[PDB]
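Rule-based calculations on the coordinates, nothing more; no lab input. Note: ideal-geometry Cβ built from the backbone for every residue, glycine included; neighbour counts use all protein chains shown.
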Amino acid sequence: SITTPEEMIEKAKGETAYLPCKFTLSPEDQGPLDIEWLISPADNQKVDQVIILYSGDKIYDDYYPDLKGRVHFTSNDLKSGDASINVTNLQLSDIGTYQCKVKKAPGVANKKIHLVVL
Amino acid sequence: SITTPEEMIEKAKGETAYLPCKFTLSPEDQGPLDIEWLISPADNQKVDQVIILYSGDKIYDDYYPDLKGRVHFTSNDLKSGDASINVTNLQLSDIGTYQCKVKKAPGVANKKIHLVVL
Amino acid sequence: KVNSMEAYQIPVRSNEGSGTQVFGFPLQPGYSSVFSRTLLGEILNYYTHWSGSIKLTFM
Amino acid sequence: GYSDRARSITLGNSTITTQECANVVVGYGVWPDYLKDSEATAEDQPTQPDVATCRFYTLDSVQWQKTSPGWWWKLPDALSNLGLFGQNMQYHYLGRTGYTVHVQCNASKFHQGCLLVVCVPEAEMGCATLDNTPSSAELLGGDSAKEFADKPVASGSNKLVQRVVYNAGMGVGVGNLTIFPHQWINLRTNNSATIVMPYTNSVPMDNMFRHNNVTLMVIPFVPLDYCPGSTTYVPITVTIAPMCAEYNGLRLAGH
Amino acid sequence: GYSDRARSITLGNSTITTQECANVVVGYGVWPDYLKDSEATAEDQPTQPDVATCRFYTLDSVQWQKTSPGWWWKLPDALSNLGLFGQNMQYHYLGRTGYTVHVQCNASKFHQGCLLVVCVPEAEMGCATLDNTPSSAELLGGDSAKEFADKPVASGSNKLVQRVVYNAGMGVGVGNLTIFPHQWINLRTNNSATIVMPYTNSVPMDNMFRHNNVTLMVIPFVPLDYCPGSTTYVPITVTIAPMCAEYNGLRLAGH
Amino acid sequence: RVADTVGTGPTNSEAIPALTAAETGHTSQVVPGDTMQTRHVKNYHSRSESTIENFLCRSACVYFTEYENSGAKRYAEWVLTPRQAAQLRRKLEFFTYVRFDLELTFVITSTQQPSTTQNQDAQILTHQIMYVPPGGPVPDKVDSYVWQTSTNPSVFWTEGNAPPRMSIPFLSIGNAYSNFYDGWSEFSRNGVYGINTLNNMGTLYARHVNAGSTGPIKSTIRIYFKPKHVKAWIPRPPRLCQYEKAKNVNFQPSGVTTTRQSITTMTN
Amino acid sequence: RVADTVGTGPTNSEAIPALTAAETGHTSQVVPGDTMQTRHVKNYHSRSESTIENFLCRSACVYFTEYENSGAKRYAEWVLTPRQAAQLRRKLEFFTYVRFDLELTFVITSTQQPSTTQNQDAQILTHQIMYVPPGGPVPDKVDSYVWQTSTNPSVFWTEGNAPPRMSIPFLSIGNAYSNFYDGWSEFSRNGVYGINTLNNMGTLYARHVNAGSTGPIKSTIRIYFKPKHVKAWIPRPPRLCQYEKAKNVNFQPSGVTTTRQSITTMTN
Amino acid sequence: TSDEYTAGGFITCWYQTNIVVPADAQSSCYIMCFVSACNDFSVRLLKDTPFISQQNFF
Amino acid sequence: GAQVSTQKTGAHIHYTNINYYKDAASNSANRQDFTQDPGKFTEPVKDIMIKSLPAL
Amino acid sequence: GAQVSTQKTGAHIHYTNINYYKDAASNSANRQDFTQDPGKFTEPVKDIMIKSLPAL
């Protein structure tokens, strides 16, 4: 269960966009926690491209070149419901669809955020 | 169930032939209503050729070229038992066998009308 | 009117005439559109046969 | 020689008097009472103020216009900021209470209109997004009355409750709302509607903050109409009094 | 706790309901009953349909204008073309029946008017010629209501009934019409008038075609009046139900 | 059984049963005899099939999923919830709180997939279905150690036999299951609205005990839910619009009912 | 049991039992002893097998249809009516009105069709038969949502097991089923003559739950109708000519009986 | 379900008398209809409701 | 609640039957129900006709 | 310990049932449980209303 999974965020250029993907786990959920942030470009090029991954209690920040050292998890707990990321340098390219996936067996939850930069 | 399914209609040339295909539905019938008017030519050429079709609450009037803008459903309800058509301009060619099919799952009903023009 | 609260209301007025019809509908609670959605009609759609009297209250 | 359409209810230090009422609907035939020692769960002694908590609390009035779609209230939430009742729950973990809903509206013989007063328990309301859930602010309006929308609420990416009056936000026929305890006010026969509701929940007692047991909805099936030179402004006052309230789980105030 | 001015009459499969009535006038104190074996004459077994024949039959309405002189009906003749009752007499030589006359008329408090409802047996009516007798068509109007004339009918050579309202066509004072069973409708007190009439005739049973036992007359002593912006059209509906009807002399239909 | 009609005669009196007030919220309950002449009738009709036990006690397919004997997907996991199927769900949503016993029946069928494999010999396929309680460990892989089912109830079924069936007792921390929850799980009201710790039963895991054949095989498992000893409280209006999401009562605004050509019309 | 013959002696008297009148419509009921000398005989024969319960309570095939695991035709639908088979039908038409309980048994057999498909592996085929009441929704396609059977009785059968059997109670709005209806459904008499709302039971839908094999398979389902607790009213003459249409008693004129060379002839 | 053989009947409403109102009063009103069953109403043959439809699982 | 009844036997023994369903229409056929009343079909006349006496 | 009960039959016979599990939730449905109490839904008013007497 992710709060407000479908939503749209609007921010000006260079304003630092914070994407909220706070979740809540059911009793049945007892599997390993796996977070996957995949971005779909507005360019209409190949979609479902991953940017940042959190698995095995470890973080990977190199899955998409354009965002190099710009995506960091806002919270350091991460196991806690709050699993959010913030882009420091908002750019014209940033415009696109961002999908947040929280996978704890059994049950997978997904959140989609439309990002527009003025 | 179609009233008098087998019958023969006799009319003079240019007299406007009205073909009656009034049906009655059983309780079991609960499927989509599909009407299909197919004509078998007296020419002895390919038979079972459709002229006018009523499906998805829509009417198609272009399945046989000879009858162009000449076959119209007499009743505008159509869902009501009365599902009849009338040819405005009777011609020498008109002579042939006309079959009316009322299909509402479960159960299919068929009516055959022999048309002779004097 | 079925998309508004006006479907339930029934109109009447002062008319220079008599014997006119306020409304008319058949006795088909299970099938008729008017009763197909009432507490009675909604329950009558899970059964095949129905036998009994019906009460109509006009306010 | 009493009159059938004449009544008076006295709770705490407040008295209401109606000289034109239809009757009193006592829920599903159950009268508000305290928790028995057989169905209880919390081992700690329950605290019952009784006089302070149980008394009539008058909410803000609303205007009945000719195009008014309807209004709704959350009974536990509505009284959360009023009197000791509001304070009591702020300091208590559990809470079990019953209510008496007296909707008041009056008009002249010439004025013609009709309203529906109904109490709907566990009224879970839908959202226009069809993927999100309604926000707390949109669903709950303390010290106010949330209104219904005639035209359907626009669908987009947000948290707005579908206020559609015909589905009533529960995706059900508005006409089928009479199954729950209800009463009708017609300006040709009634001047008020009084309903007594017993506490109804699956659990013996529940949190009064995040959880709302019942919901009061006032909807006009037939609109308000009148000729010129008549009174244009017609208000509606809702008075709600808790009955047999009791709380458990004393703690620091907050939510 | 019933209301004196509230009533309901149930005959056959028809029910009338009045929420503003004065009382019920039962003729001369006699209630409609069947023929006894001592006062009977026709030796053949009488046929009594009972449910079909005895039931409320609503005639066409009339308009009460400010200059309306009055209307009249022939009870046996009026119902001759309606339901089984009409058919039954068409096939029977003799017929004996009683009636219940419920005249209905309603108006607002602001409207003011007055009407007289009276049943006159054997109402032989005069003719303007003073040498001829009124025609069947002029005297009897099946599926219609014959009206009275304010100004006197012109005298000539013809068959026209003197419709003079003041003599009422019987050459008697209109004010002396209260001797027969009657009731008054005033739009300030009454909304209807109900009268029960027992069968009255010299013979035990009589032909229902050429002979009419009773006659219903509605006359307004004080005219209908109201201020502008009020309802101009005011109708009057007459509902008549046969009671304890029975027929003798089965034959081929006709008259 | 039902009430017997009572014979009546024409009545003229002050009593007015038909006249009443609907504002009181009281049903008039007027019999046919009050407004018309009836004949005594001895009704023998009985309201047997309209009972809640008769209405809700039928097997209804709630969810079907498939697994393979090879490839990536080797096992199927489903959490117990009856909102998956609109039919059984709509019947259950008729009331607010329902308490009942549950009976589970599973139908399993295996279909051979197209392949270039030759000399395929198939051995009677055995399927294992394991039920996991809330908070219990969930198997990561098909050949995981969890499938030991020491304290987890599990059933082994061999093809060509009657479908496996087990009876579950009412499980709910609360006194009764809640169909509709108005509120938030969080005391701060910052979570998915309508989420409840109530109505949580468990998770079902289905896999092939043995590969059986060299060639690929895919099997679909259908779960049937039959309520027993059911109890109902607070009746509510039936669903008028089509279900969109199982989690929330979110709906699309729908016409109160179907239209007709005009009033006074006897047909649709 | 039957009546025992009574011993008689030569009798000369005015009594004339043999002489009678057939115009009265009364059967003479003359025993052998009235017209000839007989010996007392203790008959032990019993009329047990001639009872209606014994005559009509046997399983008779009424209709068989087929479906495939692939291709256009994937499911088979038949409306319940016993006029499909002449045998059971003729026995039932002996009376005017018959009231009885019904028992249904289905025999299902699958035959592999010719195909160029290779490496065919077949999995035990499971067949689902669903009964739909009058006015109930009918499945548009094989993979339709209707097959959930929430409130519709359905039976799942796996090959290699005894045939599925269910018992149906007498269903008829009327007091008894009517074999022959004289009249029109329409009050205006402008419809198919003999059509009745009576004798309407339901529709049977049969399909394959799983494909089972890559190669094509065709299965034929046979429906058997066994009447139980039968009752009969108004006996009528047995059918003399062959049945043409199930809907109407339409027949072709047929010779009263077979001919012989002449009268006085002892052979056919 | 709709069936010609078992025809129910027709329910209609007419004006016995004209609506009468005074001055400064609306001449246009509305009526409400409430339909319930009697104490001799029964149903039989449990079947599924057509209204609810589903193409995929939720 | 077992019902013991006599089996069909020749002239010149017992069987026990139990009902496992409450449906009752789920029971077996009533094979042993032999009753004869042809009087209505053979003689539905108003006045009884004695064989010894002549018909007319 | 066998329970004998009456089968559902028409108007105008018996069945025996035994429980082989001590679980009790493993028993069959209580189909024969017909009880009617609509008074609460139809009339939940405080003062009883007589039909003969006028409502108000």
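Residue-by-condition table, conditions (1) part of a loop (DSSP other than H, G, I, E, B); (2) β-branched (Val, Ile, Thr):
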{"position": "F:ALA21", "(1), (2)": "yes, no"}
{"position": "F:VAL30", "(1), (2)": "yes, yes"}
{"position": "F:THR38", "(1), (2)": "yes, yes"}
{"position": "F:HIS45", "(1), (2)": "yes, no"}
{"position": "F:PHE55", "(1), (2)": "no, no"}
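Being among the charged types (D, E, K, R) and on the phi < 0 side of the Ramachandran plot narrows it down to one residue among A:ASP48, A:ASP34; which is it?
Working: A:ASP48 fails: on the phi < 0 side of the Ramachandran plot.
None of the other options fit; the residue is A:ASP34.
Which strands (runs of 3 or more DSSP E) does segment B:4-118 wholly contain that include 1 or more residues that are surrounded by 15 or more Cβ atoms within 10 Å (Cβ to Cβ) and among the hydroxyl-bearing types (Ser, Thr, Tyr)?
Because the criterion is at least 1 residues that are surrounded by 15 or more Cβ atoms within 10 Å (Cβ to Cβ) and among the hydroxyl-bearing types (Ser, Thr, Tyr), the strands (runs of 3 or more DSSP E) in segment B:4-118 that meet it are B:34-41, B:49-55, B:96-103.
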Reported set for segment D:99-143 where residues are out of contact with any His (no Cβ under 7 Å at 6 or more places or on another chain) and aliphatic (A, V, I, L, M) is D:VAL101, D:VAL103, D:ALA107, D:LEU115, D:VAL120, D:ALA123, D:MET125, D:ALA128, D:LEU130, D:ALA137, D:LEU139, D:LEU140
Report, ordered by the first and then the second residue, all pairs with beta carbons closer than 6 Å, sequence separation of six or more or different chains, a first member in segment F:24-35 that is facing another protein chain (nearest Cβ under 7 Å) and under 26 Å from D:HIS102 (Cα atoms), and a second member that is part of a helix (DSSP H, G or I) and polar (S, T, N, Q). F:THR27/J:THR42
I need every pair where a residue in segment E:172-200 that is farther than 26 Å from E:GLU124 by Cβ has its Cβ under 6 Å from the Cβ of a residue that is of a type in the set (D, E, K, R), sequence separation at least 6 or different chains. E:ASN191/E:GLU20
Which residue pairs have Cβ atoms under 6 Å apart, sit 6 or more places apart or on different chains, and have a first residue in segment F:37-48 that is more than 7 Å from every other protein chain (Cβ to nearest Cβ) and a second that is not basic (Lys, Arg)? F:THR38/F:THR5; F:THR38/F:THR8; F:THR38/F:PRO32; F:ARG39/F:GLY7; F:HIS40/F:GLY7; F:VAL41/F:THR5; F:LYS42/F:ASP4
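Residues in segment E:8-28: is at least one touching a strand residue (DSSP E or B) at 6+ places or on another chain (Cβ under 6 Å), among the aromatic types (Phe, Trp, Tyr) and part of a loop (DSSP other than H, G, I, E, B)?
Within segment E:8-28 (the criterion being touching a strand residue (DSSP E or B) at 6+ places or on another chain (Cβ under 6 Å), among the aromatic types (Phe, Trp, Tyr) and part of a loop (DSSP other than H, G, I, E, B)), the answer is no, since none of the residues qualifies.
Look at H:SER28 and say whether it is more than 23 Å from D:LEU187 (Cα to Cα) and facing chain C (nearest Cβ under 7 Å).
Details: more than 23 Å from D:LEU187 (Cα to Cα): no; facing chain C (nearest Cβ under 7 Å): yes.
For H:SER28, the condition - more than 23 Å from D:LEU187 (Cα to Cα) and facing chain C (nearest Cβ under 7 Å) - is not met.
Filter segment E:29-71 down to residues that are in a loop (DSSP other than H, G, I, E, B) and of a type in the set (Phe, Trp, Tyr) and give me whichever is farthest from F:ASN12 (Cα to Cα). Explain how you work it out, then say what you get.
Pass one, segment E:29-71, residues in a loop (DSSP other than H, G, I, E, B): E:29-46, E:48-56, E:59-61, E:64-70.
With the extra rule that they be of a type in the set (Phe, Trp, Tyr), the set shrinks to E:31, E:34, E:56, E:64.
On the way: E:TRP31: 12, E:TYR34: 18, E:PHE56: 13, E:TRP64: 29 Å.
Here the residue is E:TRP64.
Select, from G:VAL249, G:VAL256, the only residue that is surrounded by 11 or more Cβ atoms within 10 Å (Cβ to Cβ) and among the β-branched types (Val, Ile, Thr).
Numbers: G:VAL256 fails: surrounded by 11 or more Cβ atoms within 10 Å (Cβ to Cβ).
Of G:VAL249, G:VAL256, the one residue that is surrounded by 11 or more Cβ atoms within 10 Å (Cβ to Cβ) and among the β-branched types (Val, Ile, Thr) is G:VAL249.
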For the subset of segment G:64-105 comprising residues that are part of a loop (DSSP other than H, G, I, E, B) and under 12 Å from the mean Cα position of the chain (by Cα), which member is surrounded by the most Cβ atoms within 10 Å (Cβ to Cβ)? G:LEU80
Taking D:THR215, is it under 18 Å from the mean Cα position of the chain (by Cα) and surrounded by 21 or more Cβ atoms within 10 Å (Cβ to Cβ)? yes
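Looking at F:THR35, F:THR27 in this structure, which one is more than 19 Å from F:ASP4 (Cα to Cα) and buried (at least 16 other Cβ atoms within 10 Å of the Cβ)?
Working: F:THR35 fails: more than 19 Å from F:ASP4 (Cα to Cα).
Residue meeting the stated conditions: F:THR27.
One line per residue, one yes/no per condition, for (1) touching an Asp or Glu at 6+ places or on another chain (Cβ under 9 Å); (2) part of a strand (DSSP E or B); (3) more than 9 Å from every other protein chain (Cβ to nearest Cβ):
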{"position": "D:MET170", "(1), (2), (3)": "yes, no, no"}
{"position": "D:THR178", "(1), (2), (3)": "no, no, no"}
{"position": "D:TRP184", "(1), (2), (3)": "yes, yes, no"}
{"position": "D:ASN190", "(1), (2), (3)": "yes, no, no"}
{"position": "D:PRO204", "(1), (2), (3)": "yes, no, no"}
Among E:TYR166, E:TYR226, the single one that is within 14 Å of chain H (Cβ to nearest Cβ) and more than 30 Å from E:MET89 (Cβ to Cβ) is E:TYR226
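Buried (at least 18 other Cβ atoms within 10 Å of the Cβ), of a type outside the set (S, T, N, Q) and closer than 24 Å to D:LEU116 by Cβ: which single residue out of D:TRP72, D:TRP31 fits that description? Please lay out each step first, then the result.
On the way: D:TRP31 fails: buried (at least 18 other Cβ atoms within 10 Å of the Cβ).
Step by step, each of D:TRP72, D:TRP31 is checked, and only D:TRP72 is buried (at least 18 other Cβ atoms within 10 Å of the Cβ), of a type outside the set (S, T, N, Q) and closer than 24 Å to D:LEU116 by Cβ.
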Looking only at strands (runs of 3 or more DSSP E) that lie completely in chain C, which have at least 1 residues being more than 26 Å from F:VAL31 (Cα to Cα), within 7 Å of another protein chain (Cβ to nearest Cβ) and hydrophobic (A, V, I, L, M, F, W, C)? C:10-13
In segment G:115-138, which residues are closer than 14 Å to G:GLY212 by Cβ and either within 30 Å of the chain's Cα centre (by Cα) or surrounded by fewer than 23 Cβ atoms within 10 Å (Cβ to Cβ) (or both)? G:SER115, G:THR117, G:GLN120, G:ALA122, G:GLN123, G:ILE124, G:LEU125, G:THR126, G:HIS127, G:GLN128
Sole miss for I:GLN7 among (1) farther than 30 Å from F:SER48 by Cβ; (2) out of contact with any strand residue (DSSP E or B) (no Cβ under 9 Å at 6 or more places or on another chain) is condition (2)
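Residues are listed down the side, and each one gets a yes or a no for (1) within 18 Å of G:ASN54 (Cα to Cα); (2) touching a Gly at 6+ places or on another chain (Cβ under 6 Å); (3) among the aromatic types (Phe, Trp, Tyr):
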{"position": "I:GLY1", "(1), (2), (3)": "no, no, no"}
{"position": "I:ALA11", "(1), (2), (3)": "no, no, no"}
{"position": "I:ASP23", "(1), (2), (3)": "no, no, no"}
{"position": "I:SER28", "(1), (2), (3)": "yes, no, no"}
{"position": "I:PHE34", "(1), (2), (3)": "yes, no, yes"}
{"position": "I:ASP37", "(1), (2), (3)": "yes, no, no"}
{"position": "I:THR42", "(1), (2), (3)": "no, no, no"}
{"position": "I:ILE48", "(1), (2), (3)": "no, no, no"}
Contact list, first residue from segment D:244-255 and part of a strand (DSSP E or B), second anywhere and of a type in the set (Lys, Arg), beta-carbon distance below 9 Å, six or more apart or interchain, is D:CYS244/D:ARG96; D:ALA245/D:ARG96; D:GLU246/D:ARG96; D:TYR247/D:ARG96; D:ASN248/D:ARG96
Is there any pair with a first residue in segment E:70-91 that is over 17 Å from E:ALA253 (Cβ atoms) and a second that is in a helix (DSSP H, G or I) and of a type outside the set (A, V, I, L, M, F, W, C) whose Cβ atoms are under 9 Å apart and which are 6 or more apart or on different chains, and what are they? E:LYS74/E:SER80
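For every residue, the table says whether it meets (1) away from chain H (no Cβ under 14 Å); (2) out of contact with any helix residue (DSSP H, G or I) (no Cβ under 8 Å at 6 or more places or on another chain); (3) crowded, with 18+ Cβ neighbours inside 10 Å; (4) on the phi > 0 side of the Ramachandran plot.
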{"residue": "E:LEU116", "(1), (2), (3), (4)": "yes, no, yes, no"}
{"residue": "E:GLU122", "(1), (2), (3), (4)": "yes, yes, no, yes"}
{"residue": "E:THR194", "(1), (2), (3), (4)": "yes, yes, yes, no"}
{"residue": "E:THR232", "(1), (2), (3), (4)": "no, yes, no, no"}
Out of segment J:26-53, which residues are under 29 Å from I:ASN17 (Cα atoms) and more than 14 Å from chain I (Cβ to nearest Cβ)? J:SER26
In segment F:145-165, the residues that are within 16 Å of F:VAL132 (Cα to Cα) and either polar (S, T, N, Q) or surrounded by 15 or more Cβ atoms within 10 Å (Cβ to Cβ) (or both): F:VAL146, F:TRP147, F:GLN148, F:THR149, F:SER150, F:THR151, F:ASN152, F:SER154, F:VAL155
